[PDB]
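Enquirer: The following file, work_0.pdb, comprises PDB, C-alpha atoms:
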ATOM      1  CA  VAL T   2      45.902 -28.000 -48.791
ATOM      2  CA  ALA T   3      44.170 -26.040 -45.991
ATOM      3  CA  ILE T   4      46.570 -26.599 -43.038
ATOM      4  CA  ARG T   5      46.552 -22.928 -41.900
ATOM      5  CA  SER T   6      42.929 -21.875 -42.545
ATOM      6  CA  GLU T   7      41.357 -24.584 -40.328
ATOM      7  CA  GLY T   8      43.296 -23.498 -37.216
ATOM      8  CA  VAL T   9      42.716 -19.725 -37.449
ATOM      9  CA  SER T  10      39.119 -19.494 -38.729
ATOM     10  CA  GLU T  11      37.724 -21.091 -35.531
ATOM     11  CA  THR T  12      39.258 -18.305 -33.352
ATOM     12  CA  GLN T  13      37.211 -15.636 -35.197
ATOM     13  CA  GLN T  14      34.176 -17.555 -33.861
ATOM     14  CA  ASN T  15      35.693 -17.902 -30.348
ATOM     15  CA  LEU T  16      35.998 -14.075 -30.308
ATOM     16  CA  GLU T  17      32.245 -13.681 -30.942
ATOM     17  CA  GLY T  18      31.710 -16.409 -28.314
ATOM     18  CA  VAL T  19      33.543 -14.302 -25.695
ATOM     19  CA  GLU T  20      31.488 -11.214 -26.637
ATOM     20  CA  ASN T  21      28.127 -13.051 -26.699
ATOM     21  CA  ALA T  22      28.942 -14.730 -23.359
ATOM     22  CA  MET T  23      29.698 -11.203 -22.042
ATOM     23  CA  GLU T  24      26.290  -9.994 -23.334
ATOM     24  CA  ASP T  25      24.733 -13.059 -21.643
ATOM     25  CA  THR T  26      26.435 -12.063 -18.362
ATOM     26  CA  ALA T  27      25.066  -8.511 -18.771
ATOM     27  CA  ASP T  28      21.515  -9.599 -19.706
ATOM     28  CA  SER T  29      21.489 -12.203 -16.892
ATOM     29  CA  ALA T  30      22.853  -9.599 -14.428
ATOM     30  CA  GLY T  31      19.796  -7.586 -15.553
ATOM     31  CA  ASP T  32      17.680 -10.222 -13.735
ATOM     32  CA  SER T  33      18.849  -8.518 -10.502
ATOM     33  CA  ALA T  34      16.860  -5.469 -11.704
ATOM     34  CA  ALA T  35      13.807  -7.371 -13.066
ATOM     35  CA  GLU T  36      11.472  -7.290 -10.009
ATOM     36  CA  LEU T  37      13.349  -4.457  -8.188
ATOM     37  CA  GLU T  38      11.105  -1.435  -8.905
ATOM     38  CA  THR T  39       8.307  -4.041  -9.093
ATOM     39  CA  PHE T  40       8.641  -4.701  -5.335
ATOM     40  CA  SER T  41       9.398  -1.107  -4.216
ATOM     41  CA  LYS T  42       6.481   0.530  -6.106
ATOM     42  CA  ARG T  43       4.109  -2.044  -4.510
ATOM     43  CA  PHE T  44       5.652  -1.676  -1.039
ATOM     44  CA  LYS T  45       3.693   1.465  -0.019
ATOM     45  CA  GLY T  46       0.867  -1.067   0.316
ATOM     46  CA  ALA T  47       2.750  -2.168   3.474
ATOM     47  CA  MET T  48       2.863   1.404   4.816
ATOM     48  CA  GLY T  49      -0.834   1.941   3.984
TER
ATOM     49  CA  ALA B  50      -2.056   2.167  -5.003
ATOM     50  CA  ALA B  51      -5.497   0.473  -4.733
ATOM     51  CA  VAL B  52      -4.776  -1.387  -1.449
ATOM     52  CA  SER B  53      -3.338   1.797   0.119
ATOM     53  CA  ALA B  54      -6.468   3.635  -1.151
ATOM     54  CA  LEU B  55      -8.689   0.943   0.453
ATOM     55  CA  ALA B  56      -6.570   1.119   3.637
ATOM     56  CA  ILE B  57      -6.873   4.948   3.780
ATOM     57  CA  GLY B  58     -10.613   4.640   2.998
ATOM     58  CA  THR B  59     -11.153   2.341   6.006
ATOM     59  CA  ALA B  60      -8.782   4.376   8.240
ATOM     60  CA  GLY B  61     -10.447   7.718   7.409
ATOM     61  CA  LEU B  62     -13.957   6.290   7.853
ATOM     62  CA  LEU B  63     -13.375   4.288  11.064
ATOM     63  CA  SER B  64     -11.660   7.328  12.632
ATOM     64  CA  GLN B  65     -14.922   9.021  11.461
ATOM     65  CA  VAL B  66     -18.299   7.174  11.547
ATOM     66  CA  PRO B  67     -18.121   4.979  14.750
ATOM     67  CA  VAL B  68     -16.105   7.648  16.632
ATOM     68  CA  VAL B  69     -18.801  10.048  15.352
ATOM     69  CA  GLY B  70     -21.066   7.635  17.254
ATOM     70  CA  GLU B  71     -20.565  10.459  19.793
ATOM     71  CA  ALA B  72     -23.241  12.328  17.766
ATOM     72  CA  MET B  73     -26.084   9.795  18.270
ATOM     73  CA  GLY B  74     -24.670   8.900  21.709
ATOM     74  CA  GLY B  75     -24.145  12.518  22.855
ATOM     75  CA  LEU B  76     -27.350  14.174  21.588
ATOM     76  CA  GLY B  77     -29.080  10.933  22.665
ATOM     77  CA  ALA B  78     -27.662  11.005  26.217
ATOM     78  CA  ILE B  79     -28.398  14.771  26.530
ATOM     79  CA  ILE B  80     -32.129  13.845  26.390
ATOM     80  CA  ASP B  81     -31.437  13.070  30.096
ATOM     81  CA  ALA B  82     -31.331  16.544  31.751
ATOM     82  CA  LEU B  83     -33.751  18.096  29.234
ATOM     83  CA  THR B  84     -36.403  15.479  29.950
ATOM     84  CA  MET B  85     -35.347  15.470  33.648
ATOM     85  CA  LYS B  86     -36.504  19.065  34.369
ATOM     86  CA  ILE B  87     -40.120  17.902  34.011
ATOM     87  CA  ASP B  88     -39.373  16.942  37.678
ATOM     88  CA  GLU B  89     -38.327  20.506  38.667
ATOM     89  CA  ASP B  90     -41.702  21.572  37.191
ATOM     90  CA  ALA B  91     -43.475  18.549  38.759
ATOM     91  CA  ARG B  92     -42.919  20.021  42.254
ATOM     92  CA  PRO B  93     -44.804  23.284  41.350
ATOM     93  CA  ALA B  94     -47.938  21.155  40.705
ATOM     94  CA  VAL B  95     -47.460  19.501  44.149
ATOM     95  CA  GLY B  96     -47.275  23.084  45.451
ATOM     96  CA  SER B  97     -50.615  23.406  43.607
ATOM     97  CA  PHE B  98     -52.023  20.477  45.651
TER
END
How would this structure read if it were set down as structure tokens?

Expert:
Amino acid sequence: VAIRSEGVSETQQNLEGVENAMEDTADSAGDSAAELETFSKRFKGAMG
Amino acid sequence: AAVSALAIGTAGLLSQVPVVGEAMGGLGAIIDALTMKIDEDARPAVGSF
């Protein structure tokens, strides 16, 4: 009999899923920084 | 950095060398009066004719 263990032991995974999806949102939000300095440090080429 | 350096290189030199064309142009043009005065001394020889 394993009627209880099957229902709970998935949620321990779902917890890590929430956290790893949060990390994904943070790492993906990091894309908004990826070429940021990369444009601005070039841009004095415009002024020159 | 390199394109601004190139830009500054061209800006600094074009505001120099062809503007500095005033050197060859100026000291070239000024040959005018300082050849010319061979005329003011030409008349003295006419006075000696």

Enquirer: Once you count only C-alpha atoms, which residues of chain T turn out to be within 10 Å of chain B? Could you give them as an mmCIF file with C-alpha atoms, keeping the file's coordinate frame?

Expert:
data_model
loop_
_atom_site.group_PDB
_atom_site.id
_atom_site.type_symbol
_atom_site.label_atom_id
_atom_site.label_comp_id
_atom_site.auth_asym_id
_atom_site.auth_seq_id
_atom_site.Cartn_x
_atom_site.Cartn_y
_atom_site.Cartn_z
ATOM 1 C CA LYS T 42 6.481 0.530 -6.106
ATOM 2 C CA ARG T 43 4.109 -2.044 -4.510
ATOM 3 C CA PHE T 44 5.652 -1.676 -1.039
ATOM 4 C CA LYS T 45 3.693 1.465 -0.019
ATOM 5 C CA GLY T 46 0.867 -1.067 0.316
ATOM 6 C CA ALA T 47 2.750 -2.168 3.474
ATOM 7 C CA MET T 48 2.863 1.404 4.816
ATOM 8 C CA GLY T 49 -0.834 1.941 3.984
#

Enquirer: Please indicate the distance in Å from CA of residue 61 (chain B) to CA of residue 76 (chain B), rounded to one decimal place.

Expert: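 Those two atoms sit 23.0 Å apart.
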
Enquirer: Quick one: distance from CA of residue 79 (chain B) to CA of residue 65 (chain B) in Å, one decimal?

Expert: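 Result for CA of residue 79 (chain B) versus CA of residue 65 (chain B): 21.0 Å, one decimal.
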
Enquirer: Grab the CA of residue 69 (chain B) to CA of residue 84 (chain B) distance for me, in Å with one decimal place.

Expert: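 So the answer is 23.5 Å.
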
Enquirer: Please, could N, CA, C and O atoms be added to region 35-49 of chain T and the result written as a PDB file, in the frame of the given file?

Expert:
ATOM      1  N   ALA T  35      15.069  -7.004 -12.429  1.00  0.00           N
ATOM      2  CA  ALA T  35      13.807  -7.371 -13.066  1.00  0.00           C
ATOM      3  C   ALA T  35      12.582  -7.066 -12.200  1.00  0.00           C
ATOM      4  O   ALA T  35      11.655  -6.419 -12.681  1.00  0.00           O
ATOM      5  N   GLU T  36      12.575  -7.529 -10.938  1.00  0.00           N
ATOM      6  CA  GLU T  36      11.472  -7.290 -10.009  1.00  0.00           C
ATOM      7  C   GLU T  36      11.812  -6.209  -8.969  1.00  0.00           C
ATOM      8  O   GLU T  36      11.119  -6.110  -7.961  1.00  0.00           O
ATOM      9  N   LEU T  37      12.838  -5.371  -9.209  1.00  0.00           N
ATOM     10  CA  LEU T  37      13.349  -4.457  -8.188  1.00  0.00           C
ATOM     11  C   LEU T  37      12.378  -3.301  -7.932  1.00  0.00           C
ATOM     12  O   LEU T  37      11.899  -3.143  -6.811  1.00  0.00           O
ATOM     13  N   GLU T  38      12.098  -2.498  -8.968  1.00  0.00           N
ATOM     14  CA  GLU T  38      11.105  -1.435  -8.905  1.00  0.00           C
ATOM     15  C   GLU T  38       9.721  -2.032  -8.656  1.00  0.00           C
ATOM     16  O   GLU T  38       8.876  -1.405  -8.025  1.00  0.00           O
ATOM     17  N   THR T  39       9.529  -3.257  -9.153  1.00  0.00           N
ATOM     18  CA  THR T  39       8.307  -4.041  -9.093  1.00  0.00           C
ATOM     19  C   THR T  39       7.920  -4.388  -7.653  1.00  0.00           C
ATOM     20  O   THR T  39       6.733  -4.491  -7.357  1.00  0.00           O
ATOM     21  N   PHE T  40       8.909  -4.570  -6.763  1.00  0.00           N
ATOM     22  CA  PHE T  40       8.641  -4.701  -5.335  1.00  0.00           C
ATOM     23  C   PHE T  40       8.469  -3.331  -4.671  1.00  0.00           C
ATOM     24  O   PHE T  40       7.522  -3.159  -3.910  1.00  0.00           O
ATOM     25  N   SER T  41       9.360  -2.367  -4.954  1.00  0.00           N
ATOM     26  CA  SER T  41       9.398  -1.107  -4.216  1.00  0.00           C
ATOM     27  C   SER T  41       8.176  -0.224  -4.486  1.00  0.00           C
ATOM     28  O   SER T  41       7.695   0.440  -3.570  1.00  0.00           O
ATOM     29  N   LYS T  42       7.670  -0.228  -5.728  1.00  0.00           N
ATOM     30  CA  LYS T  42       6.481   0.530  -6.106  1.00  0.00           C
ATOM     31  C   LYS T  42       5.199  -0.079  -5.531  1.00  0.00           C
ATOM     32  O   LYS T  42       4.217   0.640  -5.371  1.00  0.00           O
ATOM     33  N   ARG T  43       5.208  -1.384  -5.210  1.00  0.00           N
ATOM     34  CA  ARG T  43       4.109  -2.044  -4.510  1.00  0.00           C
ATOM     35  C   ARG T  43       4.167  -1.725  -3.018  1.00  0.00           C
ATOM     36  O   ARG T  43       3.125  -1.566  -2.392  1.00  0.00           O
ATOM     37  N   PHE T  44       5.382  -1.590  -2.470  1.00  0.00           N
ATOM     38  CA  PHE T  44       5.652  -1.676  -1.039  1.00  0.00           C
ATOM     39  C   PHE T  44       4.938  -0.620  -0.189  1.00  0.00           C
ATOM     40  O   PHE T  44       4.798  -0.824   1.015  1.00  0.00           O
ATOM     41  N   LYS T  45       4.451   0.479  -0.786  1.00  0.00           N
ATOM     42  CA  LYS T  45       3.693   1.465  -0.019  1.00  0.00           C
ATOM     43  C   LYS T  45       2.321   0.925   0.382  1.00  0.00           C
ATOM     44  O   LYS T  45       1.637   1.538   1.199  1.00  0.00           O
ATOM     45  N   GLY T  46       1.942  -0.226  -0.187  1.00  0.00           N
ATOM     46  CA  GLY T  46       0.867  -1.067   0.316  1.00  0.00           C
ATOM     47  C   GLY T  46       1.101  -1.564   1.743  1.00  0.00           C
ATOM     48  O   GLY T  46       0.144  -1.692   2.500  1.00  0.00           O
ATOM     49  N   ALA T  47       2.365  -1.841   2.105  1.00  0.00           N
ATOM     50  CA  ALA T  47       2.750  -2.168   3.474  1.00  0.00           C
ATOM     51  C   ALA T  47       2.504  -0.985   4.405  1.00  0.00           C
ATOM     52  O   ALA T  47       1.909  -1.160   5.465  1.00  0.00           O
ATOM     53  N   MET T  48       2.962   0.205   3.999  1.00  0.00           N
ATOM     54  CA  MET T  48       2.863   1.404   4.816  1.00  0.00           C
ATOM     55  C   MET T  48       1.402   1.829   4.987  1.00  0.00           C
ATOM     56  O   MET T  48       1.007   2.211   6.084  1.00  0.00           O
ATOM     57  N   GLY T  49       0.605   1.735   3.917  1.00  0.00           N
ATOM     58  CA  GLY T  49      -0.834   1.941   3.984  1.00  0.00           C
ATOM     59  C   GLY T  49      -1.522   0.940   4.910  1.00  0.00           C
ATOM     60  O   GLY T  49      -2.382   1.331   5.690  1.00  0.00           O
TER      61      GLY T  49
END
